[PDB]
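Engineer: Take a look at the following structure, please.
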Amino acid sequence: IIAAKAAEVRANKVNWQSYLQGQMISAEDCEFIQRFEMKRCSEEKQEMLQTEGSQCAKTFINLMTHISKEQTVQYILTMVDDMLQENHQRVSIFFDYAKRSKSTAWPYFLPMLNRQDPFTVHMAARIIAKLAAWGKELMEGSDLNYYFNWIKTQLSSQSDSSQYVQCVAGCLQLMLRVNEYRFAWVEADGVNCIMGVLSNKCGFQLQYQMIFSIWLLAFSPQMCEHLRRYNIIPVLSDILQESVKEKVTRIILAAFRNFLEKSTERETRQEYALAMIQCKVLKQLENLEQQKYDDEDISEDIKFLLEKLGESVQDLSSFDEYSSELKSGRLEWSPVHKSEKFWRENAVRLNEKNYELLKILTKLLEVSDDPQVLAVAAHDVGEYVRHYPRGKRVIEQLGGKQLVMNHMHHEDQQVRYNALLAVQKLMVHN
């Protein structure tokens, strides 16, 4: 509705001389606003901004401050945003006005977000985002903190409300366009509020814009490293199936690619990929690969994520990491457990150190009260039988045969299921 409101406001001009008669503004301010209304061509606008640039933002701000009429307020902000859409360099006029006034441009506009009209405040915010992104000065300090609090509160509301939160999210994206503003945003907890809104399941455009924000943050190593705490991957794994829209799918895949690209360490990239595989990203990546799309960008994102997921599972399939998991007791369905490639080649290696890994498994098959650990141990005994035929006597000696034959009667459905599988693999031959 933002464009429709903009057009309605462009039509809804009002006599600016009324405010001069009321002495709410200066005669020069009224003159500038009327002259800019009539100076519609690009050359005329350039002439106005170049000859009376000091008067320009002064006029806008004076009228905005001293006039209650939301018609005029929205008209002023619509004109400014139209100027910035025609040529986004126009921020220079406002910056020059502020510098000539011996101040920065923000205190003049941040209080304006306290006004009532949603259109007024949200096009004001759009103009602030344009100014911050395309300006030379960095948003900083209390002004930036107040703007972050305002974006936070407006986002938390999650429809006309949603269509204005579109402006809110677009302003946040424009801010994050700059690396330093991304650092400031991470200093703020606004990403947690982003995740809160996403959990609240906002509309399609808002979800797309928020994941666009995440992609902007993920472009950097430090913020990628520090924002892990929000467990982005599972929520977006489910959203990539629910919110099918191609823009949404593409932006999640791009965010994942940025995460894996800019994660600081090999171990860091490995945490991200391990979370993705535990959250079943890889299967949907295969499905998208079966699917096709009209640009090489989505193709490259899919291929990169596919290759790196494959490499990550290969790394997880290390027999050393399997030994570490067994030693720590973390028998919790790591991909190495269901990686047949590891099993077929390394089943003999479990015999090392006088069958230390098999002893760990069998000991857990009597010590474990944990359903997950017990079922995993039973399944791994089954796999050891399946992939090292000579190990049947070893498991007999270690008692795994009888332990699984007992745990088939375990109180837990999953433990019974895995133990039954293992004992079935056991009795296959004389």
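Convention: chains lettered A, B, ... in structure tokens order; per-chain residue numbering from 1; ligands numbered from 1 as shown.
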Running DSSP on the backbone, which parts of range 58-277 of chain A land in helix (DSSP H, G or I), as a PyMOL selection string?
Structural biologist: chain A and resi 58-66+70-86+88-100+110-114+118-134+141-156+160-176+179-187+190-200+204-218+221-230+232-242+246-262+266-277
Engineer: Compile the contact shell of residue 233 in chain A as a count of residues only: residues with an atom at most 9 Å away, counting only C-alpha atoms, same-chain residues fewer than 3 positions apart removed.
Structural biologist: 10
Engineer: Have a look at CA of residue 40 in chain A and CA of residue 134 in chain A and let me know their distance in Å, one decimal.
Structural biologist: 23.4 Å
Engineer: Would you pick out the contacts of residue 156 in chain A at 12 Å or less, using only C-alpha atoms, so that residues sharing its chain but fewer than 2 positions from it are not included, and give the list as a list in words?
Structural biologist: residues 149, 150, 151, 152, 153, 154, 158, 161, 162, 165, 168, 169, 190, 191, 192, 193, 194, 195, 196, 197, 198, 199, 200, 201 and 202 of chain A
Engineer: Store the residues picked out above in a file with N, CA, C and O atoms, as an mmCIF file, in the first residue's frame.
Structural biologist:
data_model
loop_
_atom_site.group_PDB
_atom_site.id
_atom_site.type_symbol
_atom_site.label_atom_id
_atom_site.label_comp_id
_atom_site.auth_asym_id
_atom_site.auth_seq_id
_atom_site.Cartn_x
_atom_site.Cartn_y
_atom_site.Cartn_z
ATOM 1 N N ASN A 149 15.915 0.910 18.480
ATOM 2 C CA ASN A 149 14.792 0.640 19.374
ATOM 3 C C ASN A 149 13.460 0.805 18.648
ATOM 4 O O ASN A 149 12.523 0.029 18.869
ATOM 5 N N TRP A 150 13.360 1.812 17.777
ATOM 6 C CA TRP A 150 12.121 2.046 17.041
ATOM 7 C C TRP A 150 11.842 0.917 16.054
ATOM 8 O O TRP A 150 10.715 0.412 15.974
ATOM 9 N N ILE A 151 12.854 0.519 15.278
ATOM 10 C CA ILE A 151 12.697 -0.618 14.368
ATOM 11 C C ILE A 151 12.293 -1.855 15.161
ATOM 12 O O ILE A 151 11.423 -2.626 14.744
ATOM 13 N N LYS A 152 12.910 -2.049 16.329
ATOM 14 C CA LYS A 152 12.585 -3.190 17.179
ATOM 15 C C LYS A 152 11.115 -3.186 17.584
ATOM 16 O O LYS A 152 10.404 -4.185 17.411
ATOM 17 N N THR A 153 10.645 -2.065 18.131
ATOM 18 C CA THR A 153 9.261 -1.995 18.591
ATOM 19 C C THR A 153 8.287 -2.171 17.433
ATOM 20 O O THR A 153 7.282 -2.878 17.560
ATOM 21 N N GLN A 154 8.567 -1.534 16.293
ATOM 22 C CA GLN A 154 7.669 -1.649 15.148
ATOM 23 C C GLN A 154 7.622 -3.084 14.631
ATOM 24 O O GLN A 154 6.550 -3.599 14.292
ATOM 25 N N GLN A 158 4.308 -7.588 14.837
ATOM 26 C CA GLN A 158 3.931 -8.801 14.117
ATOM 27 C C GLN A 158 3.902 -10.005 15.052
ATOM 28 O O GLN A 158 4.766 -10.879 14.982
ATOM 29 N N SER A 161 -0.628 -2.867 9.007
ATOM 30 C CA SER A 161 0.505 -2.983 9.918
ATOM 31 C C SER A 161 1.656 -3.725 9.254
ATOM 32 O O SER A 161 2.803 -3.272 9.290
ATOM 33 N N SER A 162 1.365 -4.869 8.628
ATOM 34 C CA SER A 162 2.414 -5.638 7.969
ATOM 35 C C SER A 162 3.002 -4.875 6.789
ATOM 36 O O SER A 162 4.207 -4.948 6.529
ATOM 37 N N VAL A 165 5.387 -2.515 8.264
ATOM 38 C CA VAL A 165 6.555 -3.269 8.701
ATOM 39 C C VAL A 165 7.396 -3.705 7.513
ATOM 40 O O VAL A 165 8.580 -4.006 7.675
ATOM 41 N N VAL A 168 9.639 -0.979 7.447
ATOM 42 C CA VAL A 168 10.539 -1.162 8.587
ATOM 43 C C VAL A 168 11.678 -2.112 8.218
ATOM 44 O O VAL A 168 12.868 -1.800 8.388
ATOM 45 N N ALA A 169 11.330 -3.278 7.669
ATOM 46 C CA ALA A 169 12.336 -4.272 7.314
ATOM 47 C C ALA A 169 13.221 -3.782 6.174
ATOM 48 O O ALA A 169 14.422 -4.074 6.143
ATOM 49 N N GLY A 190 18.538 -6.884 17.837
ATOM 50 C CA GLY A 190 17.443 -6.850 16.884
ATOM 51 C C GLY A 190 17.311 -8.120 16.068
ATOM 52 O O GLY A 190 16.232 -8.420 15.552
ATOM 53 N N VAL A 191 18.399 -8.881 15.931
ATOM 54 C CA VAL A 191 18.312 -10.157 15.227
ATOM 55 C C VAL A 191 17.470 -11.147 16.023
ATOM 56 O O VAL A 191 16.734 -11.958 15.445
ATOM 57 N N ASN A 192 17.566 -11.109 17.355
ATOM 58 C CA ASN A 192 16.700 -11.952 18.175
ATOM 59 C C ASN A 192 15.236 -11.585 17.976
ATOM 60 O O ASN A 192 14.372 -12.465 17.916
ATOM 61 N N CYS A 193 14.937 -10.290 17.871
ATOM 62 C CA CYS A 193 13.570 -9.866 17.579
ATOM 63 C C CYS A 193 13.150 -10.310 16.183
ATOM 64 O O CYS A 193 11.981 -10.641 15.948
ATOM 65 N N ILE A 194 14.092 -10.312 15.238
ATOM 66 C CA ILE A 194 13.819 -10.838 13.905
ATOM 67 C C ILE A 194 13.384 -12.293 14.001
ATOM 68 O O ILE A 194 12.385 -12.709 13.397
ATOM 69 N N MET A 195 14.135 -13.088 14.761
ATOM 70 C CA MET A 195 13.778 -14.489 14.946
ATOM 71 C C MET A 195 12.450 -14.634 15.678
ATOM 72 O O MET A 195 11.695 -15.571 15.408
ATOM 73 N N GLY A 196 12.154 -13.728 16.603
ATOM 74 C CA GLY A 196 10.873 -13.741 17.283
ATOM 75 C C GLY A 196 9.724 -13.545 16.316
ATOM 76 O O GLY A 196 8.727 -14.271 16.361
ATOM 77 N N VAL A 197 9.863 -12.564 15.422
ATOM 78 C CA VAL A 197 8.834 -12.333 14.409
ATOM 79 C C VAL A 197 8.713 -13.542 13.490
ATOM 80 O O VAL A 197 7.606 -13.965 13.132
ATOM 81 N N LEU A 198 9.850 -14.114 13.087
ATOM 82 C CA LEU A 198 9.812 -15.283 12.213
ATOM 83 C C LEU A 198 9.087 -16.444 12.884
ATOM 84 O O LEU A 198 8.285 -17.138 12.248
ATOM 85 N N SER A 199 9.355 -16.669 14.173
ATOM 86 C CA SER A 199 8.616 -17.680 14.920
ATOM 87 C C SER A 199 7.137 -17.335 15.002
ATOM 88 O O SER A 199 6.286 -18.231 14.940
ATOM 89 N N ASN A 200 6.809 -16.048 15.134
ATOM 90 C CA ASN A 200 5.425 -15.602 15.061
ATOM 91 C C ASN A 200 4.835 -15.789 13.670
ATOM 92 O O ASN A 200 3.619 -15.650 13.506
ATOM 93 N N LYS A 201 5.670 -16.099 12.679
ATOM 94 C CA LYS A 201 5.212 -16.488 11.347
ATOM 95 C C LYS A 201 4.512 -15.327 10.636
ATOM 96 O O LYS A 201 3.315 -15.358 10.343
ATOM 97 N N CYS A 202 5.298 -14.287 10.370
ATOM 98 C CA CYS A 202 4.814 -13.126 9.642
ATOM 99 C C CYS A 202 4.555 -13.481 8.175
ATOM 100 O O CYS A 202 4.732 -14.620 7.737
#
Engineer: Just checking: using only C-alpha atoms, which residue out of A:126, A:407, A:45, A:250 ends up closest to residue 367 in chain A?
Structural biologist: A:407
Engineer: Would you pick out the contacts of range 208-225 of chain A at 10 Å or less, using only C-alpha atoms, so that residues sharing its chain but fewer than 3 positions from it are not included, and give the list as JSON, numbers by chain?
Structural biologist: {"A": [166, 167, 168, 169, 170, 172, 173, 174, 175, 176, 177, 178, 179, 181, 182, 183, 185, 186, 187, 191, 194, 195, 197, 198, 202, 203, 204, 205, 228, 229, 232, 236, 243, 245, 246, 247, 248, 249, 250, 251, 252, 253, 254, 255, 256, 257, 258, 259, 260, 261, 262, 263, 264, 265, 268, 269, 272]}
Engineer: Skipping near chain neighbours, those fewer than 2 positions away, what residues fall within 10 Å of residue 89 in chain A using only C-alpha atoms, listed as an mmCIF file with N, CA and C atoms, in the first residue's frame?
Structural biologist:
data_model
loop_
_atom_site.group_PDB
_atom_site.id
_atom_site.type_symbol
_atom_site.label_atom_id
_atom_site.label_comp_id
_atom_site.auth_asym_id
_atom_site.auth_seq_id
_atom_site.Cartn_x
_atom_site.Cartn_y
_atom_site.Cartn_z
ATOM 1 N N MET A 83 12.480 12.098 -4.718
ATOM 2 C CA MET A 83 13.779 12.630 -5.113
ATOM 3 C C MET A 83 14.856 11.562 -4.994
ATOM 4 N N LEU A 84 14.830 10.803 -3.899
ATOM 5 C CA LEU A 84 15.841 9.773 -3.684
ATOM 6 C C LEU A 84 15.649 8.560 -4.584
ATOM 7 N N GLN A 85 14.419 8.288 -5.021
ATOM 8 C CA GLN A 85 14.196 7.239 -6.008
ATOM 9 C C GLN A 85 14.675 7.671 -7.387
ATOM 10 N N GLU A 86 14.394 8.917 -7.769
ATOM 11 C CA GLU A 86 14.894 9.437 -9.037
ATOM 12 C C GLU A 86 16.417 9.416 -9.061
ATOM 13 N N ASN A 87 17.045 9.930 -8.007
ATOM 14 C CA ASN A 87 18.498 9.884 -7.879
ATOM 15 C C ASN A 87 18.813 9.829 -6.392
ATOM 16 N N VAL A 91 20.728 12.662 -1.120
ATOM 17 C CA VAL A 91 21.072 12.746 0.299
ATOM 18 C C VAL A 91 22.107 13.836 0.537
ATOM 19 N N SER A 92 22.883 14.173 -0.494
ATOM 20 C CA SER A 92 23.925 15.182 -0.348
ATOM 21 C C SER A 92 23.336 16.532 0.032
ATOM 22 N N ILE A 93 22.158 16.868 -0.496
ATOM 23 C CA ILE A 93 21.550 18.154 -0.164
ATOM 24 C C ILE A 93 21.226 18.221 1.322
ATOM 25 N N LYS A 130 17.688 5.651 3.599
ATOM 26 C CA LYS A 130 18.368 6.138 2.403
ATOM 27 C C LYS A 130 19.546 7.028 2.777
ATOM 28 N N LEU A 131 19.310 7.972 3.689
ATOM 29 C CA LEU A 131 20.339 8.918 4.096
ATOM 30 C C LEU A 131 21.532 8.189 4.696
ATOM 31 N N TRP A 134 23.325 5.774 1.783
ATOM 32 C CA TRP A 134 23.991 6.446 0.677
ATOM 33 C C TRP A 134 24.838 7.634 1.117
ATOM 34 N N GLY A 135 24.807 8.002 2.396
ATOM 35 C CA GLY A 135 25.631 9.093 2.864
ATOM 36 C C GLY A 135 27.061 8.669 3.127
#
Engineer: Which is closer to residue 113 in chain A than all the others in A:356, A:128, A:19, A:68, using only C-alpha atoms?
Structural biologist: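 Among the listed residues, the smallest separation from residue 113 in chain A belongs to A:128.
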Engineer: For range 370-372 of chain A, work out the shell of residues within 8 Å, counting only C-alpha atoms and skipping chain neighbours fewer than 2 positions away, then give it as a list in words.
Structural biologist: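 Close residues of range 370-372 of chain A: residues 331, 332, 368, 374, 375, 376, 412, 414 and 415 of chain A.
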Engineer: Can I get the selection written as an mmCIF file, in the first residue's frame, with N, CA and C atoms?
Structural biologist:
data_model
loop_
_atom_site.group_PDB
_atom_site.id
_atom_site.type_symbol
_atom_site.label_atom_id
_atom_site.label_comp_id
_atom_site.auth_asym_id
_atom_site.auth_seq_id
_atom_site.Cartn_x
_atom_site.Cartn_y
_atom_site.Cartn_z
ATOM 1 N N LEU A 331 26.357 -41.321 21.648
ATOM 2 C CA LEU A 331 25.706 -42.206 20.682
ATOM 3 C C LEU A 331 24.327 -41.630 20.373
ATOM 4 N N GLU A 332 24.314 -40.604 19.520
ATOM 5 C CA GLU A 332 23.110 -39.815 19.267
ATOM 6 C C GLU A 332 22.898 -39.608 17.771
ATOM 7 N N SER A 368 23.302 -48.658 29.744
ATOM 8 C CA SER A 368 22.565 -47.496 29.265
ATOM 9 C C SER A 368 21.100 -47.576 29.674
ATOM 10 N N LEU A 374 21.081 -46.446 23.951
ATOM 11 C CA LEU A 374 20.902 -47.894 23.899
ATOM 12 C C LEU A 374 20.506 -48.354 22.499
ATOM 13 N N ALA A 375 19.555 -47.658 21.871
ATOM 14 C CA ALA A 375 19.143 -48.026 20.521
ATOM 15 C C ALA A 375 20.287 -47.853 19.534
ATOM 16 N N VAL A 376 21.064 -46.777 19.679
ATOM 17 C CA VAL A 376 22.196 -46.564 18.783
ATOM 18 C C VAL A 376 23.211 -47.687 18.943
ATOM 19 N N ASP A 412 11.041 -49.554 25.618
ATOM 20 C CA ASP A 412 10.946 -48.460 24.660
ATOM 21 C C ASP A 412 10.778 -49.014 23.252
ATOM 22 N N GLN A 414 11.544 -47.672 20.330
ATOM 23 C CA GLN A 414 12.727 -47.498 19.495
ATOM 24 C C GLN A 414 13.840 -48.473 19.867
ATOM 25 N N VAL A 415 14.076 -48.677 21.164
ATOM 26 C CA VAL A 415 15.087 -49.637 21.591
ATOM 27 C C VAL A 415 14.721 -51.035 21.112
#
Engineer: Report as a PyMOL selection string all protein, DNA and RNA residues lying within 10 Å of range 58-63 of chain A, evaluated on only C-alpha atoms, omitting residues in the same chain fewer than 5 positions from it.
Structural biologist: chain A and resi 16+19-20+24-33+53+68-69+72-73+75-77+79-80+94+97-98+101+108-109+112
Engineer: Can you work out which one of A:6, A:52, A:244, A:421 has the shortest atom-to-atom distance to residue 284 in chain A, counting only C-alpha atoms?
Structural biologist: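 Smallest distance to residue 284 in chain A is found for A:244.
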Engineer: So the first atom is CA of residue 303 in chain A and the second is CA of residue 346 in chain A; what is the distance between them in Å, to one decimal place?
Structural biologist: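 Rounded to one decimal, the two atoms are 29.2 Å apart.
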Engineer: I need the residue nearest residue 344 in chain A from this list: A:429, A:386, A:359, A:100. Use only C-alpha atoms for the distance.
Structural biologist: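 The shortest atom-to-atom distance to residue 344 in chain A comes from A:386.
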Engineer: Quick one, how far is CA of residue 317 in chain A from CA of residue 385 in chain A?
Structural biologist: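 Going from CA of residue 317 in chain A over to CA of residue 385 in chain A, I get 18.7 Å.
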